[PDB]
Amino acid sequence: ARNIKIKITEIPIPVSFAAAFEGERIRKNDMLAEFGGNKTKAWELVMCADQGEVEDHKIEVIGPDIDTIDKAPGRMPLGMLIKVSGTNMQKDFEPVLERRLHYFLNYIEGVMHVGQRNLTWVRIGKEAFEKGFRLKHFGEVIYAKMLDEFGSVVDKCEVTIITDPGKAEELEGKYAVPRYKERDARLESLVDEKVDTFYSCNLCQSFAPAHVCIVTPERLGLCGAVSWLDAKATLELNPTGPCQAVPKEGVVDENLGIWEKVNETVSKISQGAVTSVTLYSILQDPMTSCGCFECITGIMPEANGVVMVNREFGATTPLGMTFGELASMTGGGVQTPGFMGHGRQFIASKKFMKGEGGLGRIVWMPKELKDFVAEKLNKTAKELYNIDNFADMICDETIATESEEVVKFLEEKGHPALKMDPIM
Amino acid sequence: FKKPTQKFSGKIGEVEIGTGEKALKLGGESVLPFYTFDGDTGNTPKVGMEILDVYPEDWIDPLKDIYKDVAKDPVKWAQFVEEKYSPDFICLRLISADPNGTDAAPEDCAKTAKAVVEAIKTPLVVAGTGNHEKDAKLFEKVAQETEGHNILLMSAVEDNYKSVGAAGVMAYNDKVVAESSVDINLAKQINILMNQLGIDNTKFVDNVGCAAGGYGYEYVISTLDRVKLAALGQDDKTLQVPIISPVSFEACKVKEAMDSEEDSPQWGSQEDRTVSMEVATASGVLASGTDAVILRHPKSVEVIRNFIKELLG
Amino acid sequence: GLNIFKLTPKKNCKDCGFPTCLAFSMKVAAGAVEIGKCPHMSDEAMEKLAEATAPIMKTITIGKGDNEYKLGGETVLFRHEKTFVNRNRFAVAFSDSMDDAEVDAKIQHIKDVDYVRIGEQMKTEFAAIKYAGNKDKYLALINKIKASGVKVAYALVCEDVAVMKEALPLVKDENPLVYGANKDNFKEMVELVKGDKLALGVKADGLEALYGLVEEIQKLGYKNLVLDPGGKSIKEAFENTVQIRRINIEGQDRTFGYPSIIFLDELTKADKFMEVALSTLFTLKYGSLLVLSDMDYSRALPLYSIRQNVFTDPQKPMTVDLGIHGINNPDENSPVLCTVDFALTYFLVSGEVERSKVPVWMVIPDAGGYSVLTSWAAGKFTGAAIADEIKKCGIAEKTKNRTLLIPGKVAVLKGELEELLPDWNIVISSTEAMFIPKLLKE
Ligand code: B12
Ligand code: SF4
Ligand code: SF4
Ligand code: NI
Ligand code: NI
């Protein structure tokens, strides 16, 4: 009634718990129980349920306990179902809670957890079991520190550890598998038009003071480690942190991505260094770049398109400049028209240079980079109605490296970028 | 030509440390430091001297020779510094409280601080240890013992800002230093947390980090430049707070200032290098936007005070 | 960048030495190659390009090959906005009205103070020779310093055209600095330096007089100048130094786009601890050539260390040397520590172990000049890199203590390190900098 929360200082487990213990190695002959892998089925899930279904601090072990396997090191099914309820807990925060569960289990001595969803497997060492380690302690570690780290979104946490083969398969099909569907569909089907607030990150201003990253569902961070959902949860967990809400109010230009509020909130975060910005263009007031970007796209005027190059690529681009040479001017939080540093996932987005013609402006990519995004790039270009194999039209390092050679290759290929209106 | 007309919409707030006629004011400037030609430089930057609650064992021999018969007793040490060098403020670093060394209970250290604050007229700045956990308990007892003198509690990081700020500004009506790690965003974050807790800009000063010349110094210079430009140029209300940077803490521990002639014969005198190290470090941070510095060697104070006086008058 | 590409003929003929016109387009905007390399430019665009791309502040080269120092070229007022390009230089003042013993002490000090810090040669760069009234001893003073063997540049400070006419040929071939142009001798001073393209120092009373005087020299056609702020007090000298730079940069005025020479020996009136303070101030406040009264390790150690930090490009993280860095009496048995040569983590860690209480030799594997987490993300600070670094530096021989300490935030490598280094005992810390001494106690 008074919204009073009492904190628990000590994790009630006999085995020592510390961040230092992760990354250890259990001897191949000193394992006790190996749950999961290709050996048996193991899975994990964090649920956002109503307060009725979640009872605070309930740890349930369904099936044989660790004390039952007295024989040689063997395998048992493992099911870790975590139910979480809170006043402001939503389904978008479930992946954040589940990601941290990997490090929660690794912090325990003799317990190492690697994997996500149904691809997980946890091995228990002899050292923990002889010290009274049980499957009930697994739920004590999660519950004690789920309330600790997520103390502003998690009111009650209920953990069930399932190790019965019959129940482990059954609960996966009604809770785990259906909820993985929602995660994939939410990430794939979310576009900029549907959302109403963008997010701004400024964690790279330690070396690029003028740099502000605007994160949208179709345009994640330059480093590639921050997305719209991640920034949404960062703002909730850390209201005064690097990620802050950016209202999408006031639309100067829909095609170029100009918004009245975005320009207002960019000049504030960058301390007035950058005042006008666009989200879907690289020529008119482009976004700034810090230096964490793995791929940088540069304009190639003679080909009526743009060239791309990844960080690992150590050769010379058709632009005449390598990645290091291009990174010396694109980075640093300066607005350089015609050049943009971005992530590896933004390549196959429908907002990749929407205001500059679209995705078809790509004319040259590294061979290793082209293969990675070939499946996604071809699908996105299919919406442009051209033949599906768009990557086949894109030139690579193997075919040519000089500007006059690649232009000839584009002439014969019927590349769409040539026929489009002049980019510059 | 055209005289540069640089107009800043911001203005740094004023924080008063101490009580009586010796109380000092920090901040108030609406222009860059020492830019008397641009506008109003609010309050002249202050220079403070550092003392210890224990005998200085690691200080250089020339410093030990100055504080011969007064270093043993902090009360005698504080009165000796005040009457001989007349610093703007005296910094009392509670070395005996750190867990890494001669760890002592917070009650013992607060008793030492109580005697010092009641034996001097100059404002006192009580510097804590490096440990975040101990500083929360240390400052709770220190601020209770030294009540009614408006001391400055130093090194209140994001970890213990709730404990230090509550036991500091709000409870016993003191001042608190909000310390960040050489970042404008981290400095901006800690200030927001203090404001949300109920402490406005007039009750706490900022510490954006400090370093010795040649040891990560440009990082401190960039941070000082950025916070000053944001506070004034961008009228950022969450950065319009005065800045104090302890120079003697970092500048006097380096190899170039502690090595004696026996260790490095070519480097020359030891006292000259110690003074020259603090003067160079303090002058550079003063030009970047620091409103108060802490110095150890008495000769450094005289040079910096002359340095401040020459540029402003 | 793309602004001048419109004016470029777009032929990709590689005549400028760069592969594509775009490659030539972006670099000249930075200012490295400049505009001359392209001969195929149309004169209609060449005239407009020459003025738009012209830097707001000229770069002045003084001295010969080894003593080659560039002054000026700044584009920003603060280093965080963009890198400071050219570092300021320090000079030792020499006057012909000085005793032979005094001059010998100055020469030895210039030669004595010479060391390398993080790969940069820290030494006095210039030797300002001043004319005090006796011409006969002035030429002797110049010749003595040449015969001394001090590897310094020359800056003759002489307002007398007659004396300068005889003093210049002695060190004319050294590309010296000819200082002394004032209101009533500039016409005869420009013609003296126009032939050999030597930097000319401009002197006047106040900014208005200085601004007008620079225009007269520029109207003659000579623009290789080293302006002198000038002032009767430290307060006025500081104002003039700042105003010259702000007028040039903020006001986009190219009349004041020249480096500043500041005589700190006269303002401080030969005060060592004041010289160091003012040298730091003008290192951070647009002083391009600072003239001191004497040089010694008391001045050199802070001033040269600070200058190294200020004039490092913020975009390129500053880096520390590689190899083993033994702290406080390296010996035959002690634990070892790992870092990522970010030069901030090193200083933050070394700034915690500087107590020397527990001797430890910090091995620094090449992590790419990045921080701990980004190096591991990049794959530079990995188990193989840490393991093979032990092979490279041979730390097994130096210390017989298998206790190996690694950065705390590096977590998964602890098991991986143990595999590649079985005999070595790995200790994994916390990522806070406060836990450095706890495990150092062992
Ligand atoms: C600056 C930065 C960059 C810059 C670095 C420039 C520079 N100045 O060095 C650049 C642009 C290179 C960069 C790049 C990338 N970055 Co980056 N980077 C950072 C950033 C902003 C700060 C790093 C830093 O200085 N941290 C602070 C320093 C002081 O900490 P530290 O070095 O760990 O040292 C401390 C401890 O280790 C400890 N310690 C050290 N030694 C010892 C010893 C003992 C005994 C003890 C007790 C303690 C101790 O004390 C030290 C001081 O407190 C972080 C943000 C963050 N949240 O950390 C992101 C961050 C680390 N970057 C990240 C990533 C992912 C990348 C990229 C891999 C992205 C990509 N391209 O895919 C790229 C890689 C580039 C490449 N070449 O491959 C992620 C890391 C994610 C992960 N799981 O790996 C972060 C968190 C950003 C994010 N998106 O969240 N980055
Ligand atoms: S690149 Fe990533 S870490 Fe850097 S500011 Fe943008 S979102 Fe933050
Ligand atoms: S010389 Fe001129 S036309 Fe030829 S490549 Fe260079 S910039 Fe292009
Ligand atoms: Ni970034
Ligand atoms: Ni970046």
# chains A, B, ... in the order shown; residues from 1 in each chain; ligands from 1
call {"tool": "residues_near_ligand", "arguments": {"ligand": "ligand 4", "cutoff": "12 Å", "atoms": "only C-alpha atoms and all ligand atoms", "output": "PyMOL selection string"}}
result
(chain A and resi 200-215+220-226+242+287-294+331-333+341-343) or (chain C and resi 374)
call {"tool": "select_by_dssp", "arguments": {"residues": "range 205-255 of chain A", "states": "alpha helix (DSSP H)", "output": "number ranges by chain"}}
result
A: 228-237
call {"tool": "interface_residues", "arguments": {"of": "chain B", "to": "chain C", "cutoff": "8 Å", "atoms": "only C-alpha atoms", "output": "mmCIF file with N, CA and C atoms, in the first residue's frame"}}
result
data_model
loop_
_atom_site.group_PDB
_atom_site.id
_atom_site.type_symbol
_atom_site.label_atom_id
_atom_site.label_comp_id
_atom_site.auth_asym_id
_atom_site.auth_seq_id
_atom_site.Cartn_x
_atom_site.Cartn_y
_atom_site.Cartn_z
ATOM 1 N N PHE B 1 39.574 46.526 -37.829
ATOM 2 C CA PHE B 1 38.904 45.206 -37.657
ATOM 3 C C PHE B 1 37.628 45.353 -36.843
ATOM 4 N N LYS B 2 37.009 44.222 -36.525
ATOM 5 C CA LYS B 2 35.827 44.172 -35.677
ATOM 6 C C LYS B 2 36.202 43.474 -34.377
ATOM 7 N N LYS B 3 35.982 44.147 -33.258
ATOM 8 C CA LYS B 3 36.279 43.543 -31.969
ATOM 9 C C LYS B 3 35.357 42.349 -31.750
ATOM 10 N N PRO B 4 35.874 41.194 -31.320
ATOM 11 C CA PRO B 4 34.994 40.036 -31.124
ATOM 12 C C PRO B 4 33.948 40.280 -30.049
ATOM 13 N N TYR B 35 38.825 36.349 -19.189
ATOM 14 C CA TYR B 35 38.389 37.194 -20.301
ATOM 15 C C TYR B 35 37.723 38.460 -19.766
ATOM 16 N N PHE B 37 38.172 41.235 -20.912
ATOM 17 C CA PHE B 37 37.828 42.031 -22.082
ATOM 18 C C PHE B 37 36.497 41.629 -22.706
ATOM 19 N N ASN B 100 42.599 1.159 2.350
ATOM 20 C CA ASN B 100 43.766 0.622 1.695
ATOM 21 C C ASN B 100 45.004 0.755 2.574
ATOM 22 N N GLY B 130 39.293 7.490 -1.304
ATOM 23 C CA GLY B 130 38.879 7.055 -2.624
ATOM 24 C C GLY B 130 37.740 6.061 -2.628
ATOM 25 N N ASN B 131 37.508 5.377 -1.512
ATOM 26 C CA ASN B 131 36.495 4.336 -1.454
ATOM 27 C C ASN B 131 35.108 4.957 -1.392
ATOM 28 N N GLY B 213 49.985 17.303 -15.250
ATOM 29 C CA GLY B 213 50.441 17.651 -16.579
ATOM 30 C C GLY B 213 51.248 16.531 -17.195
ATOM 31 N N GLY B 214 50.823 16.050 -18.357
ATOM 32 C CA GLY B 214 51.473 14.930 -18.994
ATOM 33 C C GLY B 214 50.891 13.573 -18.673
ATOM 34 N N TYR B 215 49.907 13.496 -17.777
ATOM 35 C CA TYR B 215 49.275 12.234 -17.396
ATOM 36 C C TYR B 215 47.776 12.404 -17.605
ATOM 37 N N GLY B 216 47.319 12.168 -18.832
ATOM 38 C CA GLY B 216 45.912 12.345 -19.147
ATOM 39 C C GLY B 216 45.415 13.755 -18.934
ATOM 40 N N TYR B 217 46.267 14.747 -19.172
ATOM 41 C CA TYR B 217 45.912 16.126 -18.868
ATOM 42 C C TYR B 217 44.936 16.693 -19.888
ATOM 43 N N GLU B 218 45.102 16.356 -21.169
ATOM 44 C CA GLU B 218 44.230 16.929 -22.186
ATOM 45 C C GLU B 218 42.790 16.483 -22.014
ATOM 46 N N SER B 222 39.857 19.214 -22.040
ATOM 47 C CA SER B 222 38.695 19.157 -22.921
ATOM 48 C C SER B 222 37.399 19.186 -22.126
ATOM 49 N N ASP B 225 36.772 22.715 -20.887
ATOM 50 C CA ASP B 225 36.326 23.576 -21.977
ATOM 51 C C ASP B 225 34.878 23.289 -22.345
ATOM 52 N N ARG B 226 34.510 22.011 -22.417
ATOM 53 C CA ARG B 226 33.168 21.648 -22.861
ATOM 54 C C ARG B 226 32.105 22.079 -21.859
ATOM 55 N N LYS B 253 52.174 13.606 -7.021
ATOM 56 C CA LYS B 253 52.464 12.184 -6.888
ATOM 57 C C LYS B 253 53.225 11.610 -8.073
ATOM 58 N N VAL B 254 53.590 12.429 -9.045
ATOM 59 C CA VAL B 254 54.172 11.929 -10.280
ATOM 60 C C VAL B 254 55.672 11.741 -10.094
ATOM 61 N N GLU B 256 58.056 12.837 -12.008
ATOM 62 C CA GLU B 256 58.783 14.054 -12.328
ATOM 63 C C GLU B 256 58.803 15.053 -11.183
ATOM 64 N N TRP B 267 67.773 15.683 -13.462
ATOM 65 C CA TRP B 267 66.557 16.483 -13.369
ATOM 66 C C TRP B 267 66.703 17.702 -12.469
ATOM 67 N N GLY B 268 67.796 17.820 -11.723
ATOM 68 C CA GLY B 268 68.001 18.995 -10.899
ATOM 69 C C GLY B 268 67.306 18.901 -9.549
ATOM 70 N N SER B 269 66.938 20.062 -9.017
ATOM 71 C CA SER B 269 66.364 20.125 -7.682
ATOM 72 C C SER B 269 65.017 19.415 -7.630
ATOM 73 N N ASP B 272 62.113 22.469 -6.746
ATOM 74 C CA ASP B 272 61.766 23.241 -7.934
ATOM 75 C C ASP B 272 60.834 22.456 -8.844
ATOM 76 N N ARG B 273 61.096 21.161 -9.019
ATOM 77 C CA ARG B 273 60.243 20.358 -9.887
ATOM 78 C C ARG B 273 58.870 20.129 -9.271
ATOM 79 N N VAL B 275 57.265 22.303 -7.207
ATOM 80 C CA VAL B 275 56.545 23.561 -7.370
ATOM 81 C C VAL B 275 56.192 23.783 -8.833
ATOM 82 N N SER B 276 57.141 23.533 -9.732
ATOM 83 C CA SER B 276 56.887 23.748 -11.150
ATOM 84 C C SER B 276 55.813 22.809 -11.682
ATOM 85 N N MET B 277 55.648 21.638 -11.068
ATOM 86 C CA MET B 277 54.624 20.706 -11.530
ATOM 87 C C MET B 277 53.229 21.170 -11.133
ATOM 88 N N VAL B 279 52.361 24.371 -10.335
ATOM 89 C CA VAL B 279 52.068 25.652 -10.969
ATOM 90 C C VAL B 279 51.616 25.437 -12.406
ATOM 91 N N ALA B 280 52.302 24.559 -13.139
ATOM 92 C CA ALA B 280 51.895 24.281 -14.511
ATOM 93 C C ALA B 280 50.519 23.632 -14.557
ATOM 94 N N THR B 281 50.265 22.669 -13.674
ATOM 95 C CA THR B 281 48.968 22.002 -13.668
ATOM 96 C C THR B 281 47.851 22.959 -13.270
ATOM 97 N N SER B 283 47.767 26.353 -13.370
ATOM 98 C CA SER B 283 47.552 27.449 -14.308
ATOM 99 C C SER B 283 46.752 26.984 -15.517
ATOM 100 N N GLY B 284 47.018 25.770 -15.993
ATOM 101 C CA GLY B 284 46.290 25.264 -17.144
ATOM 102 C C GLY B 284 44.827 24.982 -16.848
ATOM 103 N N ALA B 287 42.875 28.356 -16.504
ATOM 104 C CA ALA B 287 42.513 28.957 -17.779
ATOM 105 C C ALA B 287 41.383 28.213 -18.475
ATOM 106 N N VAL B 303 52.831 31.745 -6.275
ATOM 107 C CA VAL B 303 52.934 31.933 -7.718
ATOM 108 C C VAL B 303 51.550 31.977 -8.353
ATOM 109 N N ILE B 304 50.669 31.056 -7.958
ATOM 110 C CA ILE B 304 49.336 31.013 -8.551
ATOM 111 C C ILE B 304 48.543 32.254 -8.173
ATOM 112 N N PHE B 307 49.749 34.785 -10.280
ATOM 113 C CA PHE B 307 49.263 34.484 -11.623
ATOM 114 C C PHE B 307 47.816 34.923 -11.798
ATOM 115 N N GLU B 310 47.706 38.922 -11.705
ATOM 116 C CA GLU B 310 48.210 39.603 -12.892
ATOM 117 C C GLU B 310 47.180 39.610 -14.015
ATOM 118 N N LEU B 311 46.470 38.499 -14.209
ATOM 119 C CA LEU B 311 45.545 38.410 -15.333
ATOM 120 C C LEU B 311 44.262 39.190 -15.092
ATOM 121 N N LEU B 312 43.826 39.307 -13.841
ATOM 122 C CA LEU B 312 42.573 39.987 -13.542
ATOM 123 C C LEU B 312 42.760 41.463 -13.231
ATOM 124 N N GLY B 313 43.940 41.863 -12.768
ATOM 125 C CA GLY B 313 44.209 43.258 -12.471
ATOM 126 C C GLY B 313 45.370 43.825 -13.264
#
call {"tool": "residues_around", "arguments": {"residues": "residue 22 in chain A", "least_positions_apart": "5", "cutoff": "7 Å", "atoms": "only C-alpha atoms", "output": "ChimeraX atom specification"}}
result
/A:106-107 /C:411-412
call {"tool": "write_last_selection", "arguments": {"atoms": "C-alpha atoms", "output": "CSV table (one decimal), in the first residue's frame"}}
result
chain,number,residue,atom,x,y,z
A,106,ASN,CA,27.9,-17.6,-15.1
A,107,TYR,CA,28.7,-15.6,-12.0
C,411,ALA,CA,35.9,-12.0,-18.1
C,412,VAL,CA,35.7,-14.9,-20.5
call {"tool": "select_by_dssp", "arguments": {"residues": "range 44-105 of chain C", "states": "strand (DSSP E)", "output": "list in words"}}
result
residues 59, 60, 61, 62, 69, 70, 71, 72, 89, 90, 91, 92, 93, 94 and 95 of chain C
call {"tool": "interface_residues", "arguments": {"of": "chain B", "to": "chain A", "cutoff": "7 Å", "atoms": "only C-alpha atoms", "output": "ChimeraX atom specification"}}
result
/B:183,189,230,234
call {"tool": "write_last_selection", "arguments": {"atoms": "N, CA, C and O atoms", "output": "CSV table (one decimal), in the first residue's frame"}}
result
chain,number,residue,atom,x,y,z
B,183,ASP,N,34.2,13.6,-17.9
B,183,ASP,CA,33.2,13.6,-19.0
B,183,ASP,C,32.2,14.7,-18.7
B,183,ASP,O,31.9,15.0,-17.6
B,189,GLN,N,25.1,14.2,-15.7
B,189,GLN,CA,24.3,13.2,-15.1
B,189,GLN,C,24.3,13.4,-13.6
B,189,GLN,O,23.2,13.4,-12.9
B,230,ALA,N,29.2,24.8,-22.7
B,230,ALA,CA,27.8,24.4,-22.6
B,230,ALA,C,27.1,25.2,-21.6
B,230,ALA,O,25.9,25.6,-21.8
B,234,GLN,N,25.4,27.5,-24.4
B,234,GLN,CA,24.2,26.9,-24.5
B,234,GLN,C,23.2,27.1,-23.4
B,234,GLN,O,22.1,26.5,-23.4
call {"tool": "interface_residues", "arguments": {"of": "chain A", "to": "chain C", "cutoff": "6 Å", "atoms": "only C-alpha atoms", "output": "compact mmCIF listing (two decimals) with C-alpha atoms, in the first residue's frame"}}
result
# COMPACT_ATOMS: atom_id res chain seq x y z
CA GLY A 23 34.63 -17.28 -17.84
CA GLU A 24 35.99 -20.18 -15.80
CA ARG A 25 36.50 -23.67 -17.21
CA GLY A 320 40.35 5.80 -54.32
call {"tool": "closest_residue", "arguments": {"among": "A:358, A:167, A:319, A:196", "to": "residue 256 in chain A", "atoms": "only C-alpha atoms"}}
result
A:358
call {"tool": "residues_around", "arguments": {"residues": "residue 250 in chain B", "least_positions_apart": "6", "cutoff": "9 Å", "atoms": "only C-alpha atoms", "output": "list in words"}}
result
residues 210, 211, 212 and 278 of chain B; 351 of chain C
